[PDB]
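Here's the structure, in structure tokens; my notes come after.
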Amino acid sequence: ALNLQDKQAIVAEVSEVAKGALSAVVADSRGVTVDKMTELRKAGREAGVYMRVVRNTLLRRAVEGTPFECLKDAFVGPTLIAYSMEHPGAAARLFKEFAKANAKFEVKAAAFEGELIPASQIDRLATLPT
Amino acid sequence: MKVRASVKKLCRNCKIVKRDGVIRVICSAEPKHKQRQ
Amino acid sequence: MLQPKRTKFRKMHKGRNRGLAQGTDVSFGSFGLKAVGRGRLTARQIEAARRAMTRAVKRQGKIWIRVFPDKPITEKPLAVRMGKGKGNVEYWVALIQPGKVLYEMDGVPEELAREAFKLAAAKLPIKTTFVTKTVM
Amino acid sequence: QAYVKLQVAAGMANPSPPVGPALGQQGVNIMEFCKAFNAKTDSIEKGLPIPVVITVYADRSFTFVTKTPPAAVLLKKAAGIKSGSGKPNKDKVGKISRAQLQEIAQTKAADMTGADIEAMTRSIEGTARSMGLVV
Amino acid sequence: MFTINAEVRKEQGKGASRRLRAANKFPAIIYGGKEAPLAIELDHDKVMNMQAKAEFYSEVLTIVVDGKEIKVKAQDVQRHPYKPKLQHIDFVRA
RNA sequence: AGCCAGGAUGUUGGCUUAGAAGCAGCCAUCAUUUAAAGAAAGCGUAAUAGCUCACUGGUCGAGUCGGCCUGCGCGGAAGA
Ligand SMILES: [Mg+2]
Ligand SMILES: [Mg+2]
Ligand SMILES: [Mg+2]
Ligand SMILES: [Mg+2]
Ligand SMILES: [Zn+2]
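Protein chains in written order, with PDB author numbering: chain H, 2 to 131; chain f, 1 to 37; chain M, 1 to 136; chain I, 5 to 139; chain V, 1 to 94.
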């Protein structure tokens, strides 16, 4: 993450939540590769061949990289509150895959409080596709 | 317990320390690595 | 090993060992190991270092030796009283003055060349250290 | 759970003698084993094995979702010998060709996780050079 | 962008230049064409971090001596035979 | 650095392997999910099964990790 690579990362955190504006939590606390496939390969099969969640989850990697869109990002910094992005979606069906993968084989990484883009909570949101 | 005047590290857990005028080499999980200068 | 195929006359004097070097810089390849101390190199030590460094290069690249021993050192035989002449040549020695290079290498990269020259440094009586290829 | 591929030949029940009791160590029994073991292979042929995911249970009724034969052995019938590749840098024996893998990759395409064909062709060209059959 | 800041030596020769070598400096010479040989000193460690590039020996150098930015190129260099140092440089007026 | 959890498999590197699924070699080292899982740097066997290292996802509130030239010091250093 140099100057010329966090420039690409701020390009990513402009153009990645400019259209699908969701950020969330997933981290290697039940991180074993085949167990990680329960989120990763299933998100890849839900998407095309381009699945990218790729994470840079830290305290001081928040207020400098985010600040074009959704400036409530000051509650993602400490305590491993992570970075999961969806390029399409608006409280879509993938928003609760982390809740499903925590109810089934994960050990409460960072409570996954949704990062509050429609001012969400730790629960499945109401505006969910049925 | 070697005695040598050319001590070295071998594995990734060799901890050169200095106790009482002696440059000791020790390791956590190896009886053969244990040394003395 | 190396040895003269021919000397003009049989036995040479000792001389002395003053002066700086002549073959100072790297002249052929890319990497060099260069002497620092003052001393004397026999016929055996340089070919022993040649094997001990060829064993690390693993027949790759190319290496050059420049020093070649030609001084007919002698010995007086044991239990002979000191008179009655000089002695017969026992081995052939080179003279190394401070700064003279011994070997040069190309091809094989530098981080391998650190320990690949350190092994042949550890069989040599005078302290040497590494030098690089200088563009003028 | 318990996913490392090791099994026996096809048409012979009581599946010890290649491996031994390393399948039926625990309480999962031969009635549950054999009545799917030679029963599945009326859709998958005889000569090449079948990877079935074994799993140690406490409920004792083990299930089955099957898959496709492996490329540690299958490289024989796309090449032309059961055992051929002897020391392949000095005295060569075997080779593999280019385009004949659109069959092998994506005739069983729901089993493998990839839809691009040419990035999956070299993935078994590497297995040919992993058994010696250099191109 | 390679520059040189230097001044001119007082007394020349061996015994003076050895103390000038000891005091973090080293001699040079600037000759060529119409201007006479200028016999100056240089800074040692402030050009050790400049001779580490080939643009020293392939690029123009501007020396600030006598209030005159002379435009030179590197000509020849001597070195201590068993030290990582610099000894004496030539500079042509070209 | 310290406090959660990796350290895949495409894959079961294999020639015919006592056995073969990485470590006992002389076979590529590409790659599909690529944050990655080295068709592997060491344990274990009949090869192993699983847990171990980076790989990279963490946490953390002011400094750094290892090269050059030198001043000094330390061991190497057993006697009638
Ligand atoms: Mg004590
Ligand atoms: Mg001489
Ligand atoms: Mg004098
Ligand atoms: Mg006494
Ligand atoms: Zn040890």
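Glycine residues also receive a C-beta, built at the ideal position from the N, C-alpha and C atoms.
Residue i classed as buried or exposed, judged by whether at least 16 other C-beta atoms fall within 10 angstroms
i, result
"residue 1 of chain H", "Nothing can be reported for residue 1 of chain H: it is not among the residues displayed for chain H, which extend from 2 to 131."
"I:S20", "exposed"
"M:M53", "buried"
"I:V77", "exposed"
"V:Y82", "buried"
"I:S89", "buried"
"I:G98", "buried"
"V:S17", "buried"
"H:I123", "exposed"
"V:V72", "buried"
"M:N88", "exposed"
"H:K8", "exposed"
"I:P53", "buried"
"M:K100", "buried"
"H:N103", "buried"
"M:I63", "buried"
"I:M124", "buried"
Which listed residue (the options) has its alpha carbon closest to that of residue i
i, options, result
"H:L59", "H:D74, H:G49 and H:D36", "H:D74"
"residue 141 of chain I", "I:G136, I:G15 and I:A62", "Here chain I comprises residues numbered 5 to 139, so residue 141 of chain I is not present and cannot be evaluated."
"H:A110", "H:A120, H:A28, H:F76 and H:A92", "H:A28"
"M:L95", "M:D70, M:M105, M:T74 and M:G85", "M:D70"
"M:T134", "V:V65, V:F56 and V:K71", "V:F56"
"I:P74", "I:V60, I:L10 and I:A43", "I:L10"
"I:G84", "I:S101, I:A13 and I:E49", "I:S101"
"V:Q87", "V:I4, V:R93 and V:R21", "V:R21"
"I:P92", "I:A82, I:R64 and I:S134", "I:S134"
"M:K76", "M:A113, M:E90 and M:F68", "M:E90"
"I:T59", "I:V32, I:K39 and I:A40", "I:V32"
"H:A127", "H:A102, H:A100, H:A92 and H:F99", "H:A92"
"I:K94", "I:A43, I:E129, I:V138 and I:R64", "I:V138"
"V:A94", "V:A39, V:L42, V:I63 and V:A6", "V:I63"
"M:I65", "M:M136, M:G23, M:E111 and M:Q97", "M:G23"
"I:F66", "I:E36, I:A109, I:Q104 and I:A6", "I:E36"
"H:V55", "H:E65, H:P130 and H:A10", "H:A10"
"H:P79", "H:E17, H:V26, H:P130 and H:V18", "H:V26"
"V:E11", "V:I4, V:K46, V:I30 and V:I40", "V:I40"
Residue i CB to nearest heavy atom of ligand 7 below 8 Å
i, result
"M:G19", "As presented, the structure is devoid of ligand 7, carrying ligand 1, ligand 2, ligand 3, ligand 4 and ligand 5 as its sole ligands."
_Stretch pair the region 66-81 of chain H + the region 39-50 of chain H: three plus CB contacts closer than 8 Å_ = Because the criterion of three Cβ pairs below 8 Å is not met, the region 66-81 of chain H and the region 39-50 of chain H do not touch.
*Which ranges does the beta strand (DSSP E) cover as unbroken runs of at least 3 residues, wholly within the region 2-37 of chain H, from first to last along the chain?*
With a minimum length of 3 residues, the continuous beta strand (DSSP E) runs that stay inside the region 2-37 of chain H are 23-25.
_chain M contacts from the region 57-74 of chain V (Cβ-Cβ distance under 9 Å)_ = Listed by position, the residues of the region 57-74 of chain V near chain M (Cβ gap below 9 Å) are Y57, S58 and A74.
_For the structure I just gave you, are there three or more beta carbon pairs, one from the region 12-25 of chain f and one from the region 115-122 of chain H, closer than 8 Å?_
Look at the beta carbons and you see the region 12-25 of chain f not touching the region 115-122 of chain H: under three pairs across the two are nearer than 8 Å.
*Residue ranges of each beta strand (DSSP E) run of no fewer than 3 residues wholly in the region 1-70 of chain V, ordered along the chain?*
The region 1-70 of chain V contains these whole beta strand (DSSP E) runs: 3-5, 25-31, 41-43 and 61-65.
*Where in the region 47-102 of chain I do unbroken runs of the alpha helix (DSSP H), each at least 4 residues long, occur, reported from the N-terminal end onward?*
Entirely contained in the region 47-102 of chain I, not one alpha helix (DSSP H) run reaches 4 residues.
*At what residue ranges does the region 13-78 of chain M contain a whole run of the alpha helix (DSSP H), taking only runs of 4 or more?*
Fully enclosed alpha helix (DSSP H) runs of 4 or longer: 43-57.
*Taking only beta carbons into account, state which residues of the region 25-52 of chain H come closer than 7 Å to chain I, listed in chain order.*
Cβ contacts with chain I: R42 and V50.
*So does the region 80-87 of chain M actually touch the region 101-114 of chain M, counting three or more Cβ pairs closer than 8 Å?*
By the C-beta criterion, the region 80-87 of chain M is judged not to be in contact with the region 101-114 of chain M, since fewer than 3 inter-stretch pairs fall below 8 Å.
*Just by C-beta distance, which residues in the region 69-99 of chain M are closer than 8 Å to chain V?*
Within the region 69-99 of chain M, the qualifying residues are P98 and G99.
*Taking a cut of 9 Å between CB atoms, which residues from the region 112-131 of chain I lie near chain H?*
Cβ contacts with chain H: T117, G118, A119 and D120.
*asked:* Between the region 112-122 of chain I and the region 9-26 of chain V, can you find at least three pairs of beta-carbon atoms closer than 8 Å?
replied: Three or more Cβ pairs closer than 8 Å define a contact, and the region 9-26 of chain V falls short of that threshold against the region 112-122 of chain I.
*Would you call the region 7-20 of chain M and the region 58-75 of chain M in contact, with 3 or more CB pairs under 8 Å?*
Yes, since at least three Cβ pairs between the region 7-20 of chain M and the region 58-75 of chain M fall closer than 8 Å, the two stretches touch.
_Meets three-Cβ-pair contact criterion under 8 Å: the region 28-41 of chain M and the region 26-37 of chain f_ = Not touching, per the Cβ criterion.
*Members of the region 29-55 of chain V near chain M, C-beta cut-off 7 Å*: Answer in chain order: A54.
_Three Cβ pairs or more, each shorter than 8 Å: is that satisfied between the region 118-135 of chain M and the region 26-37 of chain I?_
Remark: fewer than three beta-carbon pairs, one from each stretch, lie closer than 8 Å, so the region 118-135 of chain M and the region 26-37 of chain I are not flagged as touching.
*Counting pairs of Cβ atoms below 8 Å between the region 48-57 of chain H and the region 79-94 of chain H, do you hit three or more?*
The region 48-57 of chain H, when compared against the region 79-94 of chain H, does touch it at the 8 Å Cβ threshold.
*asked:* Short of 7 Å Cβ to Cβ, which residues in the region 16-27 of chain M face chain V?
replied: Here the close residues are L20, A21 and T24.
*Ranges of the beta strand (DSSP E) found wholly within the region 83-119 of chain M, counting only runs of at least 3*: If we require 3 residues or more, the beta strand (DSSP E) runs fully inside the region 83-119 of chain M come out as 88-96 and 101-105.
*Only counting runs of 3 or more residues, tell me where the beta strand (DSSP E) segments fall wholly within the region 1-35 of chain f, in order along the chain.*
Correct list: 14-19 and 22-27.
*If contact means a Cβ-Cβ distance below 8 Å, which residues of the region 33-60 of chain M contact chain V?*
Those residues of the region 33-60 of chain M that come within reach of chain V (Cβ to Cβ, closer than 8 Å) are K34, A35 and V36.
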